[PDB]
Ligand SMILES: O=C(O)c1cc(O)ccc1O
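The chain below stands alone and is given in structure tokens; this is the form solved without the ligand.
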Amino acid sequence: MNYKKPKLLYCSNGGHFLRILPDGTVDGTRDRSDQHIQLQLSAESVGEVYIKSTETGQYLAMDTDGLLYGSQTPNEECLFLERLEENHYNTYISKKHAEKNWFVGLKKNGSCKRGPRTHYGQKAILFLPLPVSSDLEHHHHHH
């Protein structure tokens, strides 16, 4: 399914990658150079994905402020629900804050869009995970 292949969180809305700082900050940026934007997405449960930084070691979670931050420990908050939305884009909603209808989006200024500030029809929720980091020599498991 996934073997050492990180991706970036695109926000067609503005067009930037979601990065996580070791200071517990989350902001967008369209600079591949940025050595952090590289996040590793994983699936734990059905329709559930995990976003954590492979640079510092923090997990992408949405507090009550709706803002994104790095959690010291693995909490359901770090776990989000991913689905296939129209326009050919994927979305993400916080578990602990799923009923809150919060989406991981960014503004055009490359700023995180408050959780309790997202809705359907916006180009902020629509996210496209782009492939990052390439590693030659790719083999598979044989029966």
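Start at 1 and count along the sequence shown; that's the residue number.
One more form of this protein should be noted, the form solved in complex with the ligand, which is absent from this view; the next part is about it.
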Checklist entry - From the list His88, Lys108, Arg83, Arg32, which entry has a heavy atom within 4.5 Å of the ligand in the deposited bound form? => result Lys108
Checklist entry - Do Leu18 and the ligand come within 4.5 Å of each other in the deposited bound form, heavy atoms counted? => result no
Checklist entry - Is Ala124 a contact residue for the ligand in the deposited bound form, using a 4.5 Å heavy atom cut-off? => result yes
Checklist entry - For the chain seen here without its partner, which of 72-80, 37-45, 58-66, 108-116 has a heavy atom within 4.5 Å of the ligand in the deposited bound form? => result 108-116
